[PDB]
Amino acid sequence: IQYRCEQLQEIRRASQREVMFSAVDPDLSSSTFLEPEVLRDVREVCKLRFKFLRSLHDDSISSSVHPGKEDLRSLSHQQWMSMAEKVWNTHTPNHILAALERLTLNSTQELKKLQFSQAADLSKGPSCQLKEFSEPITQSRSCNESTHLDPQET
Amino acid sequence: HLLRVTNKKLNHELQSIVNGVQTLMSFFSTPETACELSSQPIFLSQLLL
Amino acid sequence: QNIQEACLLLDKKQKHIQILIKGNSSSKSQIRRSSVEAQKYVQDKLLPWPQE
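Listed as the method for this PDB entry is cryo-EM; the listed resolution is 6.88 Å.

Comments concerning the interface of chain A and chain B
Contacts between the two partners involve 13 residues from chain A and, on the opposite side, 17 residues from chain B. Of the roughly 1,400 Å² buried between chain A and chain B on both sides combined, carbon and sulfur atoms contribute 74%. The largest per-residue losses of area from chain A upon contact with chain B belong to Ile 1, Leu 8 and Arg 12 of chain A, which jointly make up 41% of the total buried on that side. Taken together, the links from chain A to chain B amount to four residue pairs in polar contact. Of all the secondary-structure elements, those providing two or more residues to the side of chain A that touches chain B are helix 1 (2–15) and helix 4 (93–122) of chain A. When residues in the side of chain A that touches chain B are grouped by element, the largest group, seven residues, is from helix 1 of chain A.

What to know about the packing of helix 2 (residues 37–61) of chain A against helix 4 of chain A
Residues and elements named next belong to chain A. Two numbers describe how helix 2 lies on helix 4: the axes approach to 9 Å, and their chain directions differ by 70 degrees. Relative to helix 4, the element helix 2 is oriented roughly perpendicular. Where helix 2 crosses over helix 4, the handedness of that crossing is right-handed. Where helix 2 abuts helix 4, its residues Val 38, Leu 39, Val 42, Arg 43 and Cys 46 lie against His 95, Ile 96, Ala 99, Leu 100, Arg 102 and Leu 103. Of the residues belonging to the contact of helix 2 with helix 4, the class tally is eight nonpolar, one polar and two charged.

Examining the interface of chain B and chain C
The figure often quoted for interface size is the accessible area lost as the parts come together. Taken together, the six residues of chain B in the interface contact nine residues of chain C. For the pair chain B and chain C, the summed buried surface comes to about 730 Å²; carbon and sulfur atoms form 77% of the total. Three residues stand out in chain B for area buried against chain C, namely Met 25, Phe 28 and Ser 45 of chain B, and they jointly supply 64% of the buried area on that side. Between the two partners, chain B and chain C, sit zero salt bridges. Joining chain B to chain C, the criterion identifies one residue pair in polar contact.

A look at the pattern of salt bridges
Residues and elements named next belong to chain A. If you walk through the whole model with that rule in mind, you get six salt bridges over all chains. The closest approach of N and O atoms between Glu 35 and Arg 43, which form a salt bridge, is 2.6 Å. On the accessibility criterion, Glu 35 (34% relative accessible area) is partly exposed. Since its relative accessible area comes to 31%, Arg 43 is described here as partly exposed. With a closest N to O distance of 2.6 Å, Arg 73 and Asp 59 form a salt bridge. One end of the pair, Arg 73, is in helix 3 (residues 70–90); the other, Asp 59, is in helix 2, and 14 residues separate them in sequence. Residue class for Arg 73 comes out partly exposed when judged on its relative accessible area of 24%. Look at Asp 59 and you get buried, because its relative accessible area is 16%. A network of salt bridges, in which partner residues are shared, links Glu 37, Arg 40 and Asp 41.

Rules behind the numbers
- Residues numbered from 1 in each chain as written, not as in the entry; some residues may be left out.
- Chains lettered and ligands numbered in written order.
- Part of a larger assembly, values for the part shown.
- Heavy atoms only, no water.
- Contact = heavy atoms within 4.5 Å.
- Buried area = accessible area lost by both parts, 1.4 Å probe.
- Polar contact = N/O pair within 3.5 Å; in protein donor to acceptor, adjacent residues only side chain to side chain.
- Helix = DSSP H or I, 4+ residues; strand = E, 2+ residues; numbered from the N terminus.
- Axes fitted to C-alpha atoms, helices over the stretch in contact; angles between N-to-C directions.
- Parallel < 35°, antiparallel > 145°, perpendicular 65-115°, else oblique.
- Left-handed = near helix turned anticlockwise from the far one by under 90°.
- Nonpolar A, V, L, I, M, F, W, Y, C, P; charged D, E, K, R; others polar.
- Salt bridge = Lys/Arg side-chain N within 4 Å of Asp/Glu carboxyl O.
- Buried < 20%, exposed > 50% of the residue type's maximum accessible area, 1.4 Å probe, protein only.

Structural data, given as structure tokens:
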């Protein structure tokens, strides 16, 4: 009984620690604010579960029922259960809930940024000012001969 | 005299079990019926979703 | 032919969005029930033991 009272009293003392989460101003660059451990661990558990759900969705759209994918799904679910149970045993329920509230707020701001970026493109009339869309990603320079018509001919 | 010492030990362990279980149950009580003490919720079932 | 296959893909994705919206509404309802079940177990089963 005494050992159980000590365990519950430790969870109560852990609950009393206020978790500071950093303000999401969108224009403020890269600065070094350390992410709360609860926010990281809840994000990684949610991201592992999201990857699992996405793999189930991609396999439902691609009619290629490759049978060797079921064993890998069971392993991914057990790995998620063990990590989720670890998170529920390492972090207090209040901190886990506050980390989920922060994750939901971040997801809501990503959707609002996507709404504003597409509205600014419709008000420019047809003048083709191909200005500086800069950064991303890819060009995997390998490929062979083929004739592909550079199709951004207006 | 030995039996009277053993009787005091037995009564102490009986009282410690009573106090131990009352302390244990104080963690499960809902914050509405408890006075103003900072009853920070310990369980997920005690948090307002 | 690619335009027709892409229309069929758009319809499959649209059906899946409807399933996910319905699934998330059900999950929200189930979390609320699980909270009430845990509180009711504490009240009916755990809280009486100190008197016995």
